[PDB]
Amino acid sequence: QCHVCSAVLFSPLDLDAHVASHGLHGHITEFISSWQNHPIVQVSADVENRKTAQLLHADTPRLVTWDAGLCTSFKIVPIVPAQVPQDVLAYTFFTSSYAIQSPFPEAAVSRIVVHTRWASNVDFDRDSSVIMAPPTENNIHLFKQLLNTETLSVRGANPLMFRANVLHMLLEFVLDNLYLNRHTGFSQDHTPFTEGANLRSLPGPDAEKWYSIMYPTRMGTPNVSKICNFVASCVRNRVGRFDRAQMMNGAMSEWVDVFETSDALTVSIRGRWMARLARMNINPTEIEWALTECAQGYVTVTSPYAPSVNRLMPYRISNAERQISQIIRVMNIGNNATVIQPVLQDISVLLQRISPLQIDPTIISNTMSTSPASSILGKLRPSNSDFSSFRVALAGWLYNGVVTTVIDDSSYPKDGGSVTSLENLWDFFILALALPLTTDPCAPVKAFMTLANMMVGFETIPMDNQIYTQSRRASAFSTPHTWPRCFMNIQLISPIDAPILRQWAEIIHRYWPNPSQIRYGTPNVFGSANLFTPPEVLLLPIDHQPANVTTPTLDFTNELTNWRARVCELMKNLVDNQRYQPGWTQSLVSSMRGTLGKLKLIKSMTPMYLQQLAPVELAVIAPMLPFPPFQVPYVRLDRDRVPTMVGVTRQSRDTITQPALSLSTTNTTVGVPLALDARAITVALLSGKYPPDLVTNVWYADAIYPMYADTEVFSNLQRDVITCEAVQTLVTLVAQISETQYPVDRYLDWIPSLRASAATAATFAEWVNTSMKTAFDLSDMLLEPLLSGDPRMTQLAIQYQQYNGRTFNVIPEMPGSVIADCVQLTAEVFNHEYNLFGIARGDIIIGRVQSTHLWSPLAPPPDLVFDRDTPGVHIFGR
Amino acid sequence: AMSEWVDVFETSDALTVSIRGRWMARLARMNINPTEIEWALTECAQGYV
Amino acid sequence: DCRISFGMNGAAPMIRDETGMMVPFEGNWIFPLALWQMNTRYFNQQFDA
Amino acid sequence: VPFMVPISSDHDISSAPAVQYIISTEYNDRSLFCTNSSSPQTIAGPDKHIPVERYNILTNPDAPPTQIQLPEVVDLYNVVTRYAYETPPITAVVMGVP
Amino acid sequence: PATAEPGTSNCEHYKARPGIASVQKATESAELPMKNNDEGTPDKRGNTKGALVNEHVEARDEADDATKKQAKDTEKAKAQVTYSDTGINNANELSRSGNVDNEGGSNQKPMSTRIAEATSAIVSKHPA
């Protein structure tokens, strides 16, 4: 067995494949625990027979793909073949005869054509290729496949979309050369024209054919030719290897420098994709810091390793590259509840599977031991065990901005109710204890107006106008422009008129739970997608205390227990003196007061749980989520800063355009509304207990480990760079064909095109999307929420406004991506070598020229061309 | 979403363009928004509904 | 605190003291029982030999 | 656009009248690598030798090895670095705290 | 000469107190990525994909669909956490659909045949 990670290895002659993962020489994650024999591994999603494994469901992109073979895209093809009677045919051994090989086509006319990766050994090809026929055949297929879905002549190409074809061709050309030049074996030569140079050898059985193609100075000068008086001009020592590393693994040098055929363009692209992947690596010491910090101090991880230099593991991006991926994922939603149902559903399942809280409703029945007392047993229904509402109410705290939680109208009284009925009093009791747990920005106004609706006719409070009467339903106070002045200022409610209402407003303004915040994750290595929010805080609408299990159940320092006690005392004052309930023939005041005293003094470990162990579990869960939490600040009762509207801005700042509000601004609330059940939230609050033997350092150390064993954070951090990097290649490439105010430098303008509108730009941007998805092998969303309407955009931004109109703009700056400026470099390469890609500049002259002079019409003499400068030339326009 | 209104240079007839413009101007004076509908029905309800 | 470094190239493996020191597998040690209980299988393969 | 250019040759040929209609305006004859490379020279035809400016680090006697002249003319013989890495899986030994 | 050194011997003494088979089956569905939203966006030809519908009627239809999905995932007949018929008058809620294009026009007719009609309105044939 392995004496490093304490892994038991069956059949001990094959632990070399295990200790290779520790860096000790001769799939995705390998976690092993320390208190039990249950190691957990991961594997990719496309594989079959997952025996003792589980999947990685996220689309990780193929960053590191190796490539043997020579690294060029320009090859030389013959056009018109020929052969000459040569003077030298072979070479002089004692008895052997070696043939004469040449690096170039020996034909009569040969010219350079373009084929991406015409000599390359690839382990996973980016499915993109600039494959060009030699220019005596047809070449119009490379300038027709985009924006010609209708065409009057299929053998033609549109003059108005040359630039839209050339930009996509250059995007393909860069975007299929993202490989890493792989080391391979060498071989020593003693040819009389290459002495002792350790030449490169290709993988494959027919390996030694490639030497003539690679090394032009390998053949000598046998006879007199245009190739031979060139080989006679070249230098000799600059061939084969040039430099090697000092470090090795046995016999192989680590990195080498070799002189060979290539092209400067592809080696310049790959030499900076090399630095792009080299910037992102991370040693296991920062991982064992990261998971230790993310586990909230209940679990210490360690990751031993051997000293190595060549180790590469790209998993480190920045906050700026993370926030823009967060903005794209927020724009993905677009007001349908289908894409946010399974997220909240499975977080509600996972909290139930991790949490120690055993919610059984039988505590209420054992306390009652059964009239007003049996009526609440009718209303609560403790024969039910459906508690999805409480776990969804806890799961919705991580999403304040995209979804909001209210109480359904079934939980409210029937016609507003009245205090003369007993069932409406129990309705009010079920409602007022469940209202503080929702992310509704106006929960206290509904909590006040429910009782103000029930007290109609016995006492009155002032309102602002004739219209909004006190007998308005508490459902409709849903937005902060409806908060009444009688609730805003307490002193307008006189104790002579409305004493119980002034008591209720006083209890709301004093003993309502205030928001708080808690630290999670790690911002040093993982970063944070904390938009609108500091980088290590998690906003919660509840106060939290440090965790111990020996605290008493009946402390009134706990604000939820205080809230339950104050609501029970207010209802005791409401019942106490038999006014507000005329027509009760019996005296129900003693029985009602007793069944309120039991509900005040019930033992229940749910308010103990929610302030001690629920934020710990939320902070453990939250950085491992596939959609990391998007929060908007909670305020207790401060009306002047309440969020009403969250939008996403496509355009820049210094411009002024059509006002294109995002779809997410169209909600009456701040996000998509969902209704909960106050019945289930109330009974889950009133009951629930811990197991009678728990130790937290056992329970949480046993609940964290299988959860982190199925982590996907290292794939999400590896996908967010691609999501961030597609945005530059969208905004830079669409600014070439459209017109914007975003300045990028106009790298080709002689190619004609049209000022494209939104439909043409969206069709172009779809091809820009699907080429990157096809090459990086993704299946899920990438860049496509930007496609829906006005793709002529510049700069991502996101905002939210308060009640008083104060907005908060968060503009993440983006670091420079590599695909963007490499495409915009190869455009400047194209500006000087346009001929190699099958395109000519300038224009033509049609006219009869009959002479025996041969001068090749690609290169005209000045004696028969003309222009606007030429005198006696007529110009026709339109 | 659908844009609100556009202006086109199409062929037309400047008399019936004026007729339909004044008909749109007549129908635009008769226009109530959901907030005023809410206020009218609430005040008509005598605060009950 | 228990951080155990493995011993590469014949050197002895070490364990982290309470006062930040790294000690080999000799001498006299003092454990609490819960420290063994939380890491029983990882300590069996390191210490019992 | 259909062009019609003649064929180079290494010996002298017989002149013949050929009429052509479509020409270009500026020099678009850059893609041509070389004409009749097996021959000693080209008597008739568009003459063009091996492009020596593309093979810069060979034929230039005072040139650094790892240089470029990138935006003007791509060089077809360069200095390339070749690596051989590994990507080990995520390993962690998860320990408990008392 | 290894005679099975006395460090290791397995019998599976400790069982997981929350349960590995119970925690992992919920983490398998927390691992799942967000569902794609494709409608409103153009295809390779140029047509905006999706159904032809009023956008607000569609945004009410997905509230219906996700309420039924909630009711099926909670293994019951009626949903408890309902996404439709809540208290809030969400009458201006818009969603993406195939009714409008990326320009701002309608999609009663596809774009790939709008452009075909606009070009086919101009031809020129040979004389007889």
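The first chain written gets the first letter, and so on, giving A, B, C, D and E; residue counts start at 1 in each chain.
Basically, contacts are C-beta pairs under 8 Å (C-beta built on N, C-alpha and C of every residue); 3 or more make two chains touch, one makes a residue touch a chain.
Common neighbours of subunit B and subunit E (chains touching each): A. The set of chains in contact with subunit A as well as subunit D comprises C.
Closest to the protein's overall CA centre, chain by chain, comes A.
One simple way to say how far apart two chains are is to compare their mean CA positions; for subunit A and subunit B this gives 43 Å.
One finds 81 Å separating the Cα centroids of subunit B and subunit C.
Centres computed as Cα averages put subunit B at a distance of 68 Å from subunit D.
The mean-CA centres of subunit A and subunit E are about 16 angstrom from one another, to the nearest whole unit. For subunit E, the set of residues touching two or more other chains reads 7-8, 91, 94, 100, 104.
If touching chains are joined by edges, the resulting network of the protein chains shown has some other shape, matching none of path, cycle, star or complete graph.
Contacting chain pairs in the structure are A-B, A-C, A-D, A-E, B-E, C-D, C-E. Of all the residues in subunit A, the ones that touch subunit B in their complex are 466-469, 471-472, 663, 789. By the touch criterion given at the top, residues 2, 7-8, 10, 12, 14, 16-18, 20, 22-24, 26-38, 40-46, 59, 62-63, 65-67, 69-70, 73-74, 76, 80-83, 85-96, 100-104, 111-112, 115-116, 119, 123 of subunit E touch subunit A in their complex.
Subunit C contributes residues 1-6, 8, 34, 37-42, 45-46 to its touches with subunit A in the complex. On the side of subunit A, the complex with subunit C involves touching residues 1, 3-4, 6, 33-37, 300, 302, 304, 306, 697, 701. Residue ranges on subunit C touching subunit D, taken from their complex, read 2, 32, 34-35, 37-39, 42.
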